[PDB]
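Below you'll find the structure, written out as structure tokens, and then a few comments.
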Amino acid sequence: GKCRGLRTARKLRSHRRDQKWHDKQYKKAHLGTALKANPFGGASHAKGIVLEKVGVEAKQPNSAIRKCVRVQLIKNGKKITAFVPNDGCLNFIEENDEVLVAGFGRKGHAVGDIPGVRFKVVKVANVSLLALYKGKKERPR
Amino acid sequence: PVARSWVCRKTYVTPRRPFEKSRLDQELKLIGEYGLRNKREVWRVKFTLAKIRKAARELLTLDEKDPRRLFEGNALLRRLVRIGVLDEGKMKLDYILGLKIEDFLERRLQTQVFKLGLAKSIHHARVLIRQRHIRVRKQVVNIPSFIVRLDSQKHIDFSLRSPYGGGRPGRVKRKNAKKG
Amino acid sequence: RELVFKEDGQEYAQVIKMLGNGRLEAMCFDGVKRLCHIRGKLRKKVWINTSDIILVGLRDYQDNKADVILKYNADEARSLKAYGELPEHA
Amino acid sequence: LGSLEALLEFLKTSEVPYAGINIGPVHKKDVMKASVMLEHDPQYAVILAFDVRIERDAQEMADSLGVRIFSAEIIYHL
RNA sequence: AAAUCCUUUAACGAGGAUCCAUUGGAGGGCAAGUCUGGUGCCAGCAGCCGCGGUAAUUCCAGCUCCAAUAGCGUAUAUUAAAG
RNA sequence: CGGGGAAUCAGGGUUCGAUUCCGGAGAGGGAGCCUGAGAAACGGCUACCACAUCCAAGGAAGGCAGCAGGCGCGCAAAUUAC
């Protein structure tokens, strides 16, 4: 039962205000705990240096070696694993290059197949991977 | 601080569902019938009609004796009679709700140039207007989306300079005349 | 099936301590021990045992891992013994 | 730049590989490139700085991590 | 202010009018191909369900088609959908 | 920083508002004061704290969160113009 009385504005507001914390989205958002834990720290894209290339196996129902890159970020200097998008894009990357990585799409969660990766590489050595894939540019030498 | 205004407005609303048969057809019929460039031009007229309908709807809710409703209602009806989507007989606020997109698309300069028989196709009219051949009153307009006023209808003439009307041969005729 | 003397970006390995959930961890004839993943078609169809000779697809980026291409048996092992494979037993 | 060539041809003669090069004073991105090296080969994670101003944020970041910086105005010392 | 841009107007300027329209898709959600080469649970696609293990409607291509259009993808904060 | 407001939106609401108008605040951090109707002023001074320029080593001079511009920082932002 909800109190409906004309002088229950404080009771309703107090209840609604404190009961919003049991909402997953509101608590993750408003409490400054997601931000510090987030490797980017509330930034759409982030830049890093490549450690090494790595082959991550897919989930149980369908088997394949997903090509990925271990990258250390520039701002906070912590290690993450980024998934290179299109076919043969791993060839264009080399170890110890400067790489711009973006969120995958699902708001900092995993993908259908590739487990334990949040991020995907968008630029390599200040050149877009789409341009290197479509051959509109060439890796600067 | 700068002596500039930042009063800019969006004139079209995109549809809620992007891919929907029955809708896409209806918009393409409108384009096909009135030779419009893209679906932005149909959404523009939908948005303008919607805003007029919302103004009529929010006026209806007020009482029949209110000075504000009377003044605003008369002004809206006067403007819609002026533009030529109604007549003096059907000049009640209730009838504003009984308009549709056809009524507004009929008043495009492109459409009127085609309907008065200056151009011989709905596609030819848009080109003819854009090429600076058409003029209303003594003013040369090249805007297909120029919405013609009811009293301004009875004179759309060829701009005098124009080869078609004025009497001066263009590049093609000049070049053919020199090599003739 | 025919003999396959293929040493073209892929190495022969002796399976040792095959513990994992597909992990494997065998000892390659040329280099050091590596984790050789059970490739799609070898998941349920072909069974690799605790001590076995395998041709592993040397995946050269990281080099601390690989994937098992082919399983061998006694006759093919004895043949491989004959040409090129160390006096290491089969 | 002349000094940078001089240091690189010395490293070439002494047989040491070099990853990154830069002109001007040392910054926190430079010590971070020295840090991202530290994972690979602990010895190689060093900055050879000749006749340039070390920054406080770079120096304290270098001391907080396992990154050493060789500062010297006379090249003999470097 | 002096110029620029625009408007005005002599001369030149359209037949692959080569004076060239892109960005994303074509199994469902969701508009559009069980067409033809290539690869063979490898390479990759896929927001989600899923497609790939030798006739792939979904991968890399060719052709064709759809969507919006001088714009259209992608990531991320936020609003409606969220009774 | 707070308002005037902004985005979205059936009705109710939710979220944003450093940013051209109004009010407040501070000129690297604090503190003290001269002049003046008005300042605890920084394109005024005096001292300390942090940085840093010239030097004949005796002393001297500092303040872009004004317009340009540069370095740094980072995913993120223009011309040393008339």
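Labels used: A, B, ... for chains in the order of the structure tokens, numbers from 1 for residues in each chain, and numbers from 1 for ligands as shown.
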
(request) Considering only C-alpha atoms (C1' of nucleotides), return as a PyMOL selection string whatever protein or nucleic-acid residues lie within 8 Å of region 95-112 of chain A, sequence-local ones (same chain, fewer than 2 positions apart) excluded. (result) (chain A and resi 44-53+71+82+93+114-126) or (chain E and resi 46-47+75-76)

(request) Run DSSP on the backbone of this structure and report the residues of chain A it assigns to strand (DSSP E), as number ranges by chain. (result) A: 45-57, 65-73, 79-83, 98-103, 119-124, 127-128

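Minimum atom-to-atom distances from C:19, C:69, C:49, C:88 to chain E were compared using only C-alpha atoms (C1' of nucleotides), and the lowest value belongs to C:69.
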
Quick one: residues within 7 Å of residue 72 (chain C), only C-alpha atoms (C1' of nucleotides) counted, chain neighbours fewer than 4 positions away excluded, as a CSV table (one decimal) with N, CA, C and O atoms, in the first residue's frame?
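For reference, part18.csv as written:
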chain,number,residue,atom,x,y,z
C,53,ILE,N,52.0,-38.5,-31.2
C,53,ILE,CA,52.8,-37.7,-32.2
C,53,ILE,C,51.7,-36.9,-33.0
C,53,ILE,O,50.8,-37.5,-33.5
C,54,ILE,N,51.9,-35.6,-33.0
C,54,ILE,CA,50.9,-34.6,-33.7
C,54,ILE,C,51.7,-33.6,-34.6
C,54,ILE,O,52.8,-33.3,-34.1
C,76,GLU,N,52.3,-44.5,-39.6
C,76,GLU,CA,52.8,-43.1,-40.1
C,76,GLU,C,53.9,-42.6,-39.2
C,76,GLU,O,54.8,-42.0,-39.8
C,77,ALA,N,53.9,-42.8,-37.9
C,77,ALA,CA,54.9,-42.5,-36.9
C,77,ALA,C,56.2,-43.3,-37.3
C,77,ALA,O,57.3,-42.6,-37.4

(request) Name the closest residue to residue 62 (chain C) among the candidates C:45, C:34, C:23, C:86; distances are taken between atoms, counting only C-alpha atoms. (result)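 Using only C-alpha atoms, the shortest distance to residue 62 (chain C) belongs to C:34.
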
(request) Mind giving me the straight-line distance from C1' of residue 33 (chain E) to CA of residue 22 (chain B) in Å, one decimal? (result)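 Straight-line distance from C1' of residue 33 (chain E) to CA of residue 22 (chain B) works out to 22.3 Å.
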
(message) Show me, as a PyMOL selection string, the residues that have an atom within 10 Å of residue 156 (chain B) when counting only C-alpha atoms (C1' of nucleotides), minus same-chain residues fewer than 3 positions from it.
(response) chain B and resi 109+112-113+116+118+134-140+148+152-153+159

Create the file for the chosen residues now, containing N, CA, C and O atoms and written as a PDB file, in the first residue's frame.
ATOM      1  N   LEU B 109       5.328  26.262 -56.417  1.00  0.00           N
ATOM      2  CA  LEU B 109       5.528  26.983 -57.708  1.00  0.00           C
ATOM      3  C   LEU B 109       5.753  25.967 -58.837  1.00  0.00           C
ATOM      4  O   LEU B 109       5.183  26.173 -59.924  1.00  0.00           O
ATOM      5  N   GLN B 112       2.319  24.590 -59.778  1.00  0.00           N
ATOM      6  CA  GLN B 112       1.487  25.633 -60.442  1.00  0.00           C
ATOM      7  C   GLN B 112       2.014  25.913 -61.857  1.00  0.00           C
ATOM      8  O   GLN B 112       1.174  26.016 -62.780  1.00  0.00           O
ATOM      9  N   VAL B 113       3.339  26.012 -62.025  1.00  0.00           N
ATOM     10  CA  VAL B 113       4.016  26.184 -63.347  1.00  0.00           C
ATOM     11  C   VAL B 113       3.612  25.026 -64.274  1.00  0.00           C
ATOM     12  O   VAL B 113       3.378  25.296 -65.468  1.00  0.00           O
ATOM     13  N   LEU B 116      -0.526  25.340 -64.929  1.00  0.00           N
ATOM     14  CA  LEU B 116      -0.927  26.490 -65.797  1.00  0.00           C
ATOM     15  C   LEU B 116      -0.476  26.269 -67.250  1.00  0.00           C
ATOM     16  O   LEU B 116      -0.895  27.069 -68.113  1.00  0.00           O
ATOM     17  N   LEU B 118       2.744  26.200 -68.568  1.00  0.00           N
ATOM     18  CA  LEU B 118       4.031  26.841 -68.957  1.00  0.00           C
ATOM     19  C   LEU B 118       5.032  25.733 -69.296  1.00  0.00           C
ATOM     20  O   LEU B 118       5.668  25.817 -70.367  1.00  0.00           O
ATOM     21  N   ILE B 134      11.162  31.307 -65.074  1.00  0.00           N
ATOM     22  CA  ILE B 134       9.838  31.652 -64.473  1.00  0.00           C
ATOM     23  C   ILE B 134       9.998  32.899 -63.599  1.00  0.00           C
ATOM     24  O   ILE B 134      11.080  33.065 -63.000  1.00  0.00           O
ATOM     25  N   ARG B 135       8.955  33.736 -63.535  1.00  0.00           N
ATOM     26  CA  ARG B 135       8.878  34.915 -62.630  1.00  0.00           C
ATOM     27  C   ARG B 135       7.422  35.161 -62.219  1.00  0.00           C
ATOM     28  O   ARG B 135       6.521  35.051 -63.088  1.00  0.00           O
ATOM     29  N   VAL B 136       7.228  35.474 -60.933  1.00  0.00           N
ATOM     30  CA  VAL B 136       5.931  35.885 -60.317  1.00  0.00           C
ATOM     31  C   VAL B 136       5.970  37.408 -60.122  1.00  0.00           C
ATOM     32  O   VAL B 136       7.039  37.935 -59.728  1.00  0.00           O
ATOM     33  N   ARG B 137       4.855  38.083 -60.425  1.00  0.00           N
ATOM     34  CA  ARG B 137       4.732  39.569 -60.473  1.00  0.00           C
ATOM     35  C   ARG B 137       5.833  40.103 -61.404  1.00  0.00           C
ATOM     36  O   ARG B 137       5.803  39.724 -62.591  1.00  0.00           O
ATOM     37  N   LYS B 138       6.769  40.915 -60.899  1.00  0.00           N
ATOM     38  CA  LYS B 138       7.954  41.404 -61.653  1.00  0.00           C
ATOM     39  C   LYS B 138       9.227  40.865 -60.988  1.00  0.00           C
ATOM     40  O   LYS B 138      10.285  41.510 -61.144  1.00  0.00           O
ATOM     41  N   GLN B 139       9.132  39.718 -60.299  1.00  0.00           N
ATOM     42  CA  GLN B 139      10.229  39.128 -59.480  1.00  0.00           C
ATOM     43  C   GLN B 139      10.597  37.751 -60.049  1.00  0.00           C
ATOM     44  O   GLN B 139       9.722  36.865 -60.056  1.00  0.00           O
ATOM     45  N   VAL B 140      11.849  37.582 -60.487  1.00  0.00           N
ATOM     46  CA  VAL B 140      12.385  36.299 -61.036  1.00  0.00           C
ATOM     47  C   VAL B 140      12.756  35.400 -59.852  1.00  0.00           C
ATOM     48  O   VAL B 140      13.761  35.703 -59.183  1.00  0.00           O
ATOM     49  N   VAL B 148       2.928  29.571 -53.519  1.00  0.00           N
ATOM     50  CA  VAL B 148       2.272  30.701 -54.247  1.00  0.00           C
ATOM     51  C   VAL B 148       1.025  31.135 -53.467  1.00  0.00           C
ATOM     52  O   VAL B 148       0.267  30.254 -53.021  1.00  0.00           O
ATOM     53  N   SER B 152      -1.748  35.992 -55.944  1.00  0.00           N
ATOM     54  CA  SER B 152      -0.502  36.070 -56.757  1.00  0.00           C
ATOM     55  C   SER B 152      -0.488  35.003 -57.865  1.00  0.00           C
ATOM     56  O   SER B 152       0.491  34.980 -58.639  1.00  0.00           O
ATOM     57  N   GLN B 153      -1.532  34.169 -57.950  1.00  0.00           N
ATOM     58  CA  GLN B 153      -1.640  33.010 -58.881  1.00  0.00           C
ATOM     59  C   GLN B 153      -1.789  33.499 -60.327  1.00  0.00           C
ATOM     60  O   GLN B 153      -1.125  32.920 -61.211  1.00  0.00           O
ATOM     61  N   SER B 159      10.160  34.996 -67.356  1.00  0.00           N
ATOM     62  CA  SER B 159      10.963  36.145 -67.036  1.00  0.00           C
ATOM     63  C   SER B 159      11.375  36.705 -68.334  1.00  0.00           C
ATOM     64  O   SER B 159      11.834  36.005 -69.177  1.00  0.00           O
TER      65      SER B 159
END
